[PDB]
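Report on the following structure.
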There are 2 protein chains.
Amino acid sequence: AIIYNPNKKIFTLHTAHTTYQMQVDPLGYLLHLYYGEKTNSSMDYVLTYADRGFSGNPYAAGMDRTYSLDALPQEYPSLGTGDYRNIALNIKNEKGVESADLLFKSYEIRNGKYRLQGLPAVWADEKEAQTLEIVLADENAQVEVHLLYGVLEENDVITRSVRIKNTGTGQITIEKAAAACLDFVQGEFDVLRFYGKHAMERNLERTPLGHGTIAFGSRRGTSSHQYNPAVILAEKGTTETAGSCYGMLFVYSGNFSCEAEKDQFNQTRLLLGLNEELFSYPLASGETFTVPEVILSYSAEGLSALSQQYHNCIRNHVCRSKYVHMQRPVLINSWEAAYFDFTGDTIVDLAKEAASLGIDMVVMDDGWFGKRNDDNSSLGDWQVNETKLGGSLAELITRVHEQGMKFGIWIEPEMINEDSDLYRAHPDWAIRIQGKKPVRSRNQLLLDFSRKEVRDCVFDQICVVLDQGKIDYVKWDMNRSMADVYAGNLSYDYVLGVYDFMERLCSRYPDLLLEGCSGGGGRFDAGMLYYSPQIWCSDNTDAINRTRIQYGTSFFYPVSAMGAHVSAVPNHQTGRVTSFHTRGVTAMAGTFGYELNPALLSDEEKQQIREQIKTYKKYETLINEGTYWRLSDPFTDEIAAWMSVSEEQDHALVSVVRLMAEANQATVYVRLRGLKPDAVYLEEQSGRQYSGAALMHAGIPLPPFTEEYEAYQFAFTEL
Amino acid sequence: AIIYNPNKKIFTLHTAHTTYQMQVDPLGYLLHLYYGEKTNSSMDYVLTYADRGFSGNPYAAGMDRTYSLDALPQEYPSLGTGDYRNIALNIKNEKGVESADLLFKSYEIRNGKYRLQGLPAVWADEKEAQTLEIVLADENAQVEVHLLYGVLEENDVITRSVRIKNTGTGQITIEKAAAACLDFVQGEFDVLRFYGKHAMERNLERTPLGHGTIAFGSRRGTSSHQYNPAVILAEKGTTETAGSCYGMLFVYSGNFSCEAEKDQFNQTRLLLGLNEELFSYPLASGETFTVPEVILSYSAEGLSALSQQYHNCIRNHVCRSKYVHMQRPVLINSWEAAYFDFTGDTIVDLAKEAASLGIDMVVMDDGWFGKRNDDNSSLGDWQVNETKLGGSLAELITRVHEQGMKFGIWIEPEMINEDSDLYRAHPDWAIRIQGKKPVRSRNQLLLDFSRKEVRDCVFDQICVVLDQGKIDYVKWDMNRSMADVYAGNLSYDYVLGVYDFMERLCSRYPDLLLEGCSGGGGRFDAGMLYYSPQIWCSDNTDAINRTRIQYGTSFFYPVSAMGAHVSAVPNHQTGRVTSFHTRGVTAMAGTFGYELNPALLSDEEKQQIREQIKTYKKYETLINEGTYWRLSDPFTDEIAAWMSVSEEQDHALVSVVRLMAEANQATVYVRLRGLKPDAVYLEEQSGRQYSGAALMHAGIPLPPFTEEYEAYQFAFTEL
Ligand SMILES: OC[C@H]1O[C@H](O)[C@H](O)[C@@H](O)[C@H]1O
Ligand SMILES: OC[C@H]1O[C@H](O)[C@H](O)[C@@H](O)[C@H]1O
Ligand code: NA
Ligand code: NA
Ligand code: NA
Ligand code: NA
Ligand code: NA
Ligand code: NA
Ligand code: NA
Ligand code: NA
Ligand code: NA
Ligand code: NA
Ligand code: NA
Ligand code: NA
Ligand code: NA
Ligand code: NA
Ligand code: NA
Ligand code: NA
Ligand code: NA
Ligand code: NA
Ligand code: NA
Ligand code: NA
Ligand code: NA
Ligand code: NA
Ligand code: NA
Ligand code: NA
Ligand code: NA
Ligand code: NA
Ligand code: NA
Ligand code: NA
Ligand code: NA
Ligand code: NA
Ligand code: NA
Ligand code: NA
Ligand code: NA
Ligand code: NA
Ligand code: NA
Ligand code: NA
Ligand code: NA
Ligand code: NA
Ligand code: NA
Ligand code: NA
Ligand code: NA
Ligand code: NA
Ligand code: NA
Ligand code: NA
Ligand code: NA
Ligand code: NA
Ligand code: NA
Ligand code: NA
Ligand code: NA
Ligand code: NA
Ligand code: NA
Ligand code: NA
Ligand code: NA
Ligand code: NA
């Protein structure tokens, strides 16, 4: 629900269990009053006013020294109001002045959920959602700012976006534009962020917010491996199952900044949106710019509920693929199996092997195009290497279909190698600075996807390939960060180009299962999930490390989105050995699939594949649609444990991987969550029965281990 | 409810929201299965068995090395089973052997709540409570042990006691006897205990339980100022409003020991009961010994709920006084007002002063008897000093009644000074060791209250005094710890003597308001609360320190039990100055009352007394009967804040004392608890209205302070 009280100038947003409230003050500033547990109260009483030294006053406050935007909580604070905190908006006007001082002009409440020009965004119908659009303006900056709030009641989600219009005659530049700001007048908080590196993404870092700013971001042209565009502000003491916590998730696959600051008056400001760095976005007279969306949510009941709200929102209101609600073929991918050393016959052999085991699809990964026999050539030359494939792609696809298997293929359309026909013809299509030799990364360069002619060339090549036969699946990868950034519009316009190509591709090929990739999880974000219902979670396929990566990814993203494959050992990234069974349990917390040559496996491991596939298919709906619960913290605990529970709470699958081993082992219990306390549950394999209450308070004892890194799955059914 | 499953040999105790379960194993040992959230399951599945090095086996386990009482969880573990952990029971038999190895014999389930011979205990009716009595025995020790479990469903309380019988022909000695043991097979915990000193009792200490034991106790002959006989075992992460926590409270005013231990297998054992030190209790053939009671409770919802369960249990099932459910006269006490320097005329002047202000009662404190003109003589000489009083006690009482005032008096019956007629007549009545000069403390000695003839002498003297007139109130004090302990029965038998005298006194004078005292809160325990509905909480009457003492005392004990008086400044214990208003707010979190000479006060402060009394009387029922909530931690926070809420949640009184002051003050909010989220509440003085949800999530901003240590009261009424 969205309500306006014209007398108090208060806007109230209600979801099923939360309330967000704002107010236009007597000077026209849009103040933030409240976000938290549902309330019908007017929360304007929380605002207080004192003469605070060096916190100065709008001219319009006259002699009232107690009124300062350096103290007051705001929906969209800006540089140019006298506020000295981190701010959401900076405009440099047609005369060179960095100032924006925004006052209320108008509003509208609409049924349904706004969409964003050229960008992914949460979607819903007119019954499920309402939109509030508030217009603010600065007559001196000659800017008009449209704040968009989307309210999805059942999901306990509030979205925010911004449109900025130049209302003057001269060009302005947008120098900083956040999507969302939460201003807290009170509270002690921790900041949870998800950091990492290539092949080890999304480690949880949780620290108290001390005085000053905790900040993180990306200027890589991508959402990045290093810091995901996501933040949780947890009240001190909040756990998985209790206490207040607030999320912000950026629906965007490019650059971002997140800032959390505890100020001089013990107030907290949280910002998420575009990066200020390499962002100086020109806006001509009468033109509008759109800031990408942030999804906000609140839980009074701990982190697990917060995550569940995000999982539901992403599956049902971000991902557009039919595969959200359909079985997804179990695939085998050629990359760790063969790298570049394959032929068409190799690929068909992989199909034959995989068909005998119950695998549904073979994905031919990198190495099929140009003269791509290593990673030093041929990006941009999306012509099939028929010498290597021993014939045409059409014929290969048919040979694979004759084995009863679907076919998938890898592409990397944003990129170019110097050693390519495309680069010899069009070296100026690479992103570069004139006269400067560019950074190389994996011995490749980015194509300038801000340019239509560049995108069209590559799009046409990709269409020729995909039109050769029935291709069920595409893995779209992106293997380096952006450098040599030549202008202040490029980071943003590049990503608009990517999304345009991706929308064109999905529209032309609407039955395709698109898996996003960027050296693993380098663009693991809700912007990508709007197009691809799964993303390759990491190039690290070590089961033990995957427990941490998958744990971290689960704070915002649903299991169904996490690409996860059983790979060979010793693992190719870590050198560690794990049992086949543990690799299976871990990879079932995601898309499942295989990425190895099964011909090298023992008969016993081949039979394990058969049984794994039967297990995954049996529990696929539960894993993908069920309510997810983290049952341990793999950074600190003896085990990595998680579970999925059906909507009706009548079925659950519990997964456990042991992380530590010593002699004379203590008994380890796994405590379950999300069950009905008074219901009785049957554990399948053992045939023992337990109450929900028992399973949640005492849990179940794990069988004693006899080897390292053992794993378990337990299935419970309500009697 | 109490259930026995004869086939599984499981006993289940259910309260409204909790379940406690135990089992007799195939060897006859009484194992502890579970205590926590309510469940109908059989929790025997949590038991596990492994061959654990150096954890040995009952002979009766045969060749099964996996069965060890050094590992298994037990209701009442003992020295002599092969268990090497801290234990509950040690018996030294008629041959000198320290061993007890207890096996199940029989049980009974009875309606109602057991009572204890010569001791205070929780009481209830046959509809409110059930009792389980389990009999165990060791044929070699020739001991029979009766475990008593009391179940008070609505209160979520389980009580435990023990009776130990010598079934052999020779004398045995009881060397250790706990009342309660909780064995956890799993969990990470913190231990909360309440430590202090004279004039600064019951500071909260909360630490993680590391490997080894956290222990505390008293061998002072008293429950003590230094460590209260109370413990909370909180699961890691538990707060005031969420998470599992377990309490044990000893209903006993003598010596005790508490031990919490995390063992070699990461299990936790919690024990509470009698101290092993100075305890070697002889039991002749056929005789029975009774261990004092422990009150256990569990909360799944944090520490505040746990405390509320104790408050309810103590007010409605421990305190026997009519004054639990009646107005208690507002008193003025002569001690800080006059110390020993008073006459009968002084006392009447104090009555006249106090009557003009709305005070109901004058208490003549120490100094009225013998030649007690300082604290160096006359304990034991309970004859009225008619020279000092200018006439008889009867006449004084009448003169006070003529001023419209009730009369109270102080006694200290357990004690004797060398300079007394009693000591010159009966020096052997003091506790002492023959041939050894005794410890002196406040220049006095303890009387041997284990001896009937000693108790009878003093009891008769006290009766003569109390029979002189209408005495509405007695303060029974006790001003030193026990030393020179001459035998292993003395600590326990002394306390039996105290309780016998106290029961005799309360039975003879059933309309008396008895306030317990021991240099303040030196015996602030539920054993005393069975007799006295209030106890002088501390000799520290500094308002700021009282915020900490009262906070700590509230973890187990109700506000109504805490003696608290407005005293003069500079404070006599700390030298600190506080405003009269802050002293009033702080002292209203308890019995209220005054302890100063009002003749020295300004007219403005006298008017404050008038208004304070009106305020206290207006809110007396709410403060004494309402649900109590700690709203801050005075060890860490800016404020000491608390509130009381009516049963129907339609009325609340919120109290705040500021603890810290700086310039350019930040706005401090007090967040309320225990209200109905959707109800609308009117704040009285301001006339503003708020939802419960608003008051609990955002709270209310405190008015800015202009002086140090300011205090506030806010009253809320449901509209
Ligand atoms: O070069 C191919 C290789 O590229 C990236 O590393 C991907 O994340 C891998 O899965 C694989 O597709
Ligand atoms: O000597 C009298 C004195 O004794 C103890 O200190 C009490 O706690 C005081 O309140 C007072 O009664
Ligand atoms: Na302000
Ligand atoms: Na300013
Ligand atoms: Na200024
Ligand atoms: Na500030
Ligand atoms: Na603010
Ligand atoms: Na604003
Ligand atoms: Na601002
Ligand atoms: Na910028
Ligand atoms: Na805000
Ligand atoms: Na990776
Ligand atoms: Na990351
Ligand atoms: Na900081
Ligand atoms: Na960066
Ligand atoms: Na980054
Ligand atoms: Na990331
Ligand atoms: Na600061
Ligand atoms: Na804050
Ligand atoms: Na930001
Ligand atoms: Na990158
Ligand atoms: Na963009
Ligand atoms: Na991606
Ligand atoms: Na990615
Ligand atoms: Na990412
Ligand atoms: Na995202
Ligand atoms: Na699994
Ligand atoms: Na995996
Ligand atoms: Na987990
Ligand atoms: Na055991
Ligand atoms: Na043993
Ligand atoms: Na042994
Ligand atoms: Na042990
Ligand atoms: Na145990
Ligand atoms: Na036992
Ligand atoms: Na034992
Ligand atoms: Na002993
Ligand atoms: Na126990
Ligand atoms: Na004291
Ligand atoms: Na204490
Ligand atoms: Na310890
Ligand atoms: Na002691
Ligand atoms: Na002590
Ligand atoms: Na104490
Ligand atoms: Na240990
Ligand atoms: Na434990
Ligand atoms: Na003990
Ligand atoms: Na003592
Ligand atoms: Na006793
Ligand atoms: Na007492
Ligand atoms: Na006491
Ligand atoms: Na005590
Ligand atoms: Na007690
Ligand atoms: Na008060
Ligand atoms: Na007080
Ligand atoms: Na408090």
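Computed from heavy atoms alone, side chains included, the values below leave out hydrogens, waters and symmetry copies. Convention: sequence-line order gives letters A, B, ...; per-chain numbering from 1.
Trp476(A) is linked by a ring pair (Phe, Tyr, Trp, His ring centres under 6.0 Å) to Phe501(A), counting only residues two or more places apart in sequence or in another chain.
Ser218(A) places a side-chain N or O within 3.5 Å of a backbone atom of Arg220(A) that can act as its donor or acceptor partner. Proximity of a side-chain donor or acceptor of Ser567(A) to a complementary backbone N or O of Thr541(A) within less than 3.5 Å is detected. Counting only distance, with no hydrogens or angles, the side chain of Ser334(A) and the backbone of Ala337(A) share no donor-acceptor pair below 3.5 Å. When atom types are taken as modelled, the side chain of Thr213(A) and the backbone of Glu259(A) share no donor-acceptor pair closer than 3.5 angstrom. Remark: side-chain polar atoms of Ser257(A) are not paired, donor with acceptor, to backbone N or O of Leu274(A) under 3.5 angstrom. For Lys475(A) (side chain) and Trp536(A) (main-chain N/O), no donor-acceptor pair under 3.5 Å exists by modelled atom type. Although no hydrogens or angles enter the test, the distance criterion places no donor-acceptor pair under 3.5 Å between the side chain of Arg455(A) and the main chain of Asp448(A). A donor-acceptor contact shorter than 3.5 Å links the side chain of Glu94(A) to the backbone of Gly170(A). Not one N or O on the side chain of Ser532(A) forms a donor-acceptor pair closer than 3.5 Å with the backbone of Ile535(A). With hydrogens and angles disregarded, a donor-acceptor distance shorter than 3.5 Å links the side chain of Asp381(A) to the backbone of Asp421(A).
The ring of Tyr310(A) has its center no closer than 6.0 angstrom to the ring center of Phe555(A). Taking the six-membered ring for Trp and the full ring otherwise, the centers of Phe279(A) and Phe289(A) sit less than 6.0 Å from each other. Taking the six-membered ring wherever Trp is involved, the centroid distance between the rings of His225(A) and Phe194(A) does not fall below 6.0 Å. Here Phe340(A) and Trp335(A) bring their ring centres to under 6.0 angstrom of each other.
The side-chain tip of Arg202(A) does not point at the ring of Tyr195(A) from less than 6.0 angstrom away and within 45° of straight on. In this structure, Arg320(A) forms a cation-pi arrangement with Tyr530(A), its terminal cationic atom sitting closer than 6.0 Å to the ring centre and no more than 45° off the ring axis. Relative to the six-membered ring of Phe635(A), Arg548(A) meets both conditions, a distance below 6.0 Å and an angle of at most 45° to the axis.
Note that the CZ atom of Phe524(A) and the OG1 atom of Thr553(A) stand 5.5 Å from one another [nearest 0.5 Å]. Rounding to the nearest 0.5 Å places OG1 of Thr268(A) at 5.5 Å from CG of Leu209(A). Within the model, atoms CG of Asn255(A) and OG of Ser491(A) stand 4.5 Å from one another, a figure rounded to the nearest 0.5 Å. The CG atom of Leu422(A) sits 8.5 Å away from the CD atom of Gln383(A) when rounded to the nearest 0.5 Å. Between atom CD1 of residue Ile87(A) and atom CG of residue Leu271(A) there is a gap of 8.0 Å, rounded to the nearest 0.5 Å. With values rounded to the nearest 0.5 angstrom, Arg160(A) atom CZ is found 10.0 Å from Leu148(A) atom CG.
Checked by atom type, the side-chain pair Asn275(A)/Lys176(A) shows no donor-acceptor distance below 3.5 Å. There is no side-chain donor-acceptor pair under 3.5 Å between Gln534(A) and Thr591(A). Side-chain N/O atoms of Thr81(A) and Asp83(A) include no donor and acceptor closer than 3.5 Å. Donor-acceptor pairing under 3.5 Å is recorded for the side chains of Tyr114(A) and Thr159(A). Side-chain contact check for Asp539(A) and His198(A): at least one donor-acceptor pair (N or O, by modelled atom type) lies under 3.5 Å. Side-chain contact of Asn90(A) with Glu98(A): a donor-acceptor pair under 3.5 Å is present, judged by distance alone. For the 3.5 Å distance criterion, the side chains of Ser538(A) and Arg546(A) fail to qualify, holding no donor opposite an acceptor. Side-chain contact, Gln444(A) with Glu414(A): no donor N or O sits under 3.5 Å from an acceptor N or O. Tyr339(A) and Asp365(A) are not linked by any side-chain donor-acceptor pair at a separation below 3.5 angstrom, with hydrogens and angles left out of the test. At a cut-off of 3.5 Å, with distance as the only test, no side-chain donor of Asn417(A) or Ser420(A) sits close to an acceptor on the other residue.
Note: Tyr246(A) and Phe189(A) have perpendicular aromatic rings, judged against thresholds of 30 and 60 degrees for the angle between ring planes. Taking the six-membered ring for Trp and thresholds of 30 and 60 degrees, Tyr252(A) and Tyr499(A) have ring planes more than 60 degrees apart, a perpendicular arrangement.
In this structure, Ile314(A) and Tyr557(A) have side chains that are in contact, with non-hydrogen atoms separated by less than 4.5 Å. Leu393(A) has its side chain within reach of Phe407(A): a pair of non-hydrogen atoms, C-beta onward, lies under 4.5 Å apart. No side-chain heavy atom of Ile347(A) sits less than 4.5 Å from a side-chain heavy atom of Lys388(A). In this structure, the side chains of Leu389(A) and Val384(A) come closer than 4.5 Å at one or more pairs of heavy atoms. Taking 4.5 Å as the limit, every side-chain heavy atom of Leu79(A) sits out of range of all side-chain heavy atoms of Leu89(A). With a 4.5 Å cut-off on side-chain heavy atoms, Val294(A) and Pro229(A) do not count as touching. For the pair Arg424(A) and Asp419(A), the minimum side-chain heavy-atom distance is below 4.5 Å. Within the 4.5 Å cutoff, the side chain of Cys506(A) has heavy atoms near those of the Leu514(A) side chain.
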Item to check | side-chain contact (heavy atoms from CB on, under 4.5 Å) between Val474(A) and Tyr509(A), worked out | outcome: CA-CA 10 Å; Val474(A) 167; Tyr509(A) 302 102; over 6 Å; no
Checklist entry - Under the side-chain contact (heavy atoms from CB on, under 4.5 Å) criterion, do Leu445(A) and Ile431(A) qualify, and how do the steps go? => result CA-CA 7 Å; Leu445(A) 301 170; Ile431(A) 296 176; over 6 Å; no
Next on the checklist: With side-chain contact (heavy atoms from CB on, under 4.5 Å) as the criterion, how do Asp493(A) and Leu490(A) come out once you've worked through the C-alpha distance, each side chain's angles and the decisive distance to 0.1 Å?
Outcome noted: CA-CA 5 Å; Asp493(A) 289 343; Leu490(A) 176 62; 5.7 Å; no
Checklist entry - Checking side-chain contact (heavy atoms from CB on, under 4.5 Å) for the pair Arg372(A)/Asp366(A): CA distance, chi angles, key distance, verdict? => result CA-CA 8 Å; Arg372(A) 189 83 165 172; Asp366(A) 188 0; 2.8 Å; yes
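Screening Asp374(A), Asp477(A), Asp375(A) for a salt bridge (charged side-chain N to carboxylate O under 4.0 Å, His left out) with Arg442(A), the sole residue that qualifies is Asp375(A). Evaluated for a side chain to side chain contact (heavy atoms under 4.5 Å, CB included) with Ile91(A), the options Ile172(A), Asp138(A), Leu283(A), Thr173(A) yield exactly one hit, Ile172(A).
For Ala141(A) against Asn93(A), the heavy-atom pair with the smallest separation is O-CB, 3.9 Å.
By the 6.0 Å contact criterion, NZ on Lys437(A) is open, its count of non-hydrogen atoms from other residues, nucleotides or ligands being 12 or less. Dense packing is recorded around CZ of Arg576(A), with more than 12 heavy atoms of other residues, nucleotides or ligands lying under 6.0 Å away. The environment of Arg115(A) atom CZ is sparse: at most 12 non-hydrogen atoms of other residues, nucleotides or ligands sit within 6.0 angstrom. Atom CG of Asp341(A) has 12 or fewer neighbouring heavy atoms from other residues, nucleotides or ligands inside a 6.0 Å radius.
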